[PDB]
Amino acid sequence: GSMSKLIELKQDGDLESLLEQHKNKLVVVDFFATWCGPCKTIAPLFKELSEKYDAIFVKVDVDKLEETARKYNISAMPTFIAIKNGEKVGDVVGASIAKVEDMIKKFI
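The C-terminal residue of the sequence shown carries number 1230 in this note's numbering, and the numbering is unbroken.
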(Lines of atoms letter the chains of each structure in order from A and count residues from 1; the text may use other names and numbers.)
(Lines give C-alpha, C1' and ligand atoms only; values in the text may rest on other atoms or scores of the structure.)
Protein backbone atom coordinates (compact mmCIF):
# COMPACT_ATOMS: atom_id res chain seq x y z
CA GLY A 1 0.00 0.00 0.00
CA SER A 2 0.71 3.71 -0.07
CA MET A 3 0.16 6.42 2.48
CA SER A 4 -1.01 8.67 -0.40
CA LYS A 5 -4.71 8.41 0.19
CA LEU A 6 -7.54 10.13 2.06
CA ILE A 7 -7.66 9.41 5.82
CA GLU A 8 -9.85 10.79 8.61
CA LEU A 9 -8.27 11.25 12.02
CA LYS A 10 -9.94 10.28 15.31
CA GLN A 11 -8.22 11.94 18.25
CA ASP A 12 -5.59 14.46 19.23
CA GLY A 13 -2.15 12.95 18.75
CA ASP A 14 -3.07 11.23 15.45
CA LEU A 15 -1.68 13.99 13.21
CA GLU A 16 1.61 14.11 15.10
CA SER A 17 1.94 10.35 14.78
CA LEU A 18 1.39 10.58 11.03
CA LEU A 19 3.88 13.39 10.50
CA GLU A 20 6.53 11.61 12.66
CA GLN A 21 6.95 8.90 10.02
CA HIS A 22 6.02 10.69 6.77
CA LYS A 23 8.05 13.83 6.87
CA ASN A 24 9.04 13.51 3.23
CA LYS A 25 5.44 13.51 1.89
CA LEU A 26 3.27 16.50 1.30
CA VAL A 27 0.39 16.35 3.81
CA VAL A 28 -2.77 18.34 3.08
CA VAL A 29 -5.09 18.64 6.08
CA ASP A 30 -8.78 19.64 5.68
CA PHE A 31 -9.84 21.05 9.09
CA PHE A 32 -13.65 21.02 8.93
CA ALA A 33 -16.68 21.05 11.26
CA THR A 34 -19.89 19.07 11.14
CA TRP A 35 -21.72 22.45 11.51
CA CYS A 36 -20.16 23.79 8.32
CA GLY A 37 -22.26 23.53 5.16
CA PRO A 38 -19.49 24.49 2.68
CA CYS A 39 -17.36 21.79 4.31
CA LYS A 40 -19.96 19.23 3.20
CA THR A 41 -19.95 20.63 -0.32
CA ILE A 42 -16.21 20.54 -0.77
CA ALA A 43 -15.67 17.08 0.80
CA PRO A 44 -16.23 15.09 -2.46
CA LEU A 45 -13.92 17.46 -4.35
CA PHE A 46 -11.21 17.02 -1.71
CA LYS A 47 -11.54 13.24 -2.20
CA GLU A 48 -11.19 13.78 -6.02
CA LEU A 49 -7.96 15.73 -5.49
CA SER A 50 -6.72 12.90 -3.24
CA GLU A 51 -7.11 10.50 -6.18
CA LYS A 52 -4.91 12.62 -8.52
CA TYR A 53 -1.97 13.76 -6.33
CA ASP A 54 0.68 11.71 -4.48
CA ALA A 55 0.22 13.50 -1.16
CA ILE A 56 -1.38 12.38 2.10
CA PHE A 57 -4.88 13.87 2.38
CA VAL A 58 -6.16 14.19 5.91
CA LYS A 59 -9.59 15.14 7.28
CA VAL A 60 -9.73 16.62 10.81
CA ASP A 61 -13.04 17.42 12.56
CA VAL A 62 -12.08 20.44 14.68
CA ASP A 63 -14.52 19.37 17.37
CA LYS A 64 -13.05 15.87 17.62
CA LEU A 65 -9.41 16.99 17.53
CA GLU A 66 -9.77 20.23 19.48
CA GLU A 67 -6.11 20.50 20.59
CA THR A 68 -4.93 19.94 17.05
CA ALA A 69 -7.27 22.66 15.76
CA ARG A 70 -5.97 25.04 18.42
CA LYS A 71 -2.30 24.22 17.65
CA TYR A 72 -2.78 25.00 13.90
CA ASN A 73 -4.61 28.19 14.82
CA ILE A 74 -7.74 27.19 12.93
CA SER A 75 -10.76 29.50 12.93
CA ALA A 76 -12.73 29.53 9.72
CA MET A 77 -13.81 26.16 8.32
CA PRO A 78 -12.86 24.59 6.06
CA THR A 79 -9.15 25.48 6.44
CA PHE A 80 -6.65 23.49 4.39
CA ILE A 81 -3.09 23.29 5.69
CA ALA A 82 -0.13 22.13 3.60
CA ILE A 83 2.62 20.46 5.66
CA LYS A 84 5.99 19.32 4.33
CA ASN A 85 9.47 18.43 5.60
CA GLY A 86 8.70 19.07 9.23
CA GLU A 87 6.62 22.24 9.02
CA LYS A 88 3.52 24.03 7.81
CA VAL A 89 4.19 25.52 4.37
CA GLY A 90 0.87 26.98 3.27
CA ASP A 91 -2.86 27.37 3.85
CA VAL A 92 -6.16 27.94 2.11
CA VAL A 93 -8.92 29.41 4.24
CA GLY A 94 -12.42 28.73 2.99
CA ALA A 95 -14.11 26.35 0.59
CA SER A 96 -12.05 26.93 -2.56
CA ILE A 97 -11.06 23.65 -4.23
CA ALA A 98 -9.24 25.44 -7.05
CA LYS A 99 -6.94 27.21 -4.53
CA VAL A 100 -6.34 23.96 -2.66
CA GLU A 101 -5.21 22.38 -5.92
CA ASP A 102 -2.92 25.37 -6.66
CA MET A 103 -1.36 24.92 -3.20
CA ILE A 104 -0.74 21.17 -3.78
CA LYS A 105 0.86 21.90 -7.19
CA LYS A 106 3.02 24.59 -5.54
CA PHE A 107 4.33 22.42 -2.73
CA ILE A 108 4.26 18.79 -3.92
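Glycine included, C-beta positions come from ideal geometry on N, C-alpha and C.
Nonlocal neighbours in the same chain, by C-beta distance under 7 Å from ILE1164, ignoring five residues either side:
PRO1200, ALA1217, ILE1219
Output needed for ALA1177: all residues of its chain with C-beta closer than 7 Å, excluding positions within five of it in sequence on either side, in chain order.
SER1126, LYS1147, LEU1148, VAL1149, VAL1150, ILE1226, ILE1230
Where the alpha helix (DSSP H) through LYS1162 begins and ends
1159-1174
Just to check my reading of the structure: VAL1222 and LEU1171 have Cβ atoms closer than 8 Å, yes? What is that Cβ distance to the nearest angstrom?
7 Å
Continuous alpha helix (DSSP H) stretch holding residue 1233: start and end:
Outside the shown range of the chain, which is 1123 to 1230, sits residue 1233, and nothing can be said about it.
Have a look at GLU1138 and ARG1192 and give me their C-alpha separation to the nearest angstrom.
14 Å
Using 8 Å for Cβ pairs, my map puts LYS1181 next to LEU1131. What's the rounded Cβ distance?
Indeed they touch by this definition, with Cβ atoms about 7 Å apart.
What does the Cβ neighbour count give for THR1190, buried or exposed, with the cut at 16 atoms within 10 Å?
buried
Kindly indicate which three-state DSSP category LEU1148 falls into: helix, strand or coil?
Residue state, collapsed to three classes: coil.
State the CB to CB distance for the pair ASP1185 and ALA1204, rounded to an integer number of angstroms; the pair is presumed to be in contact (CB under 8 Å).
With a Cβ gap of about 22 Å, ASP1185 and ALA1204 do not count as contacting.
Quick check: what's the CA-CA separation for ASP1136 versus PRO1160?
25 Å
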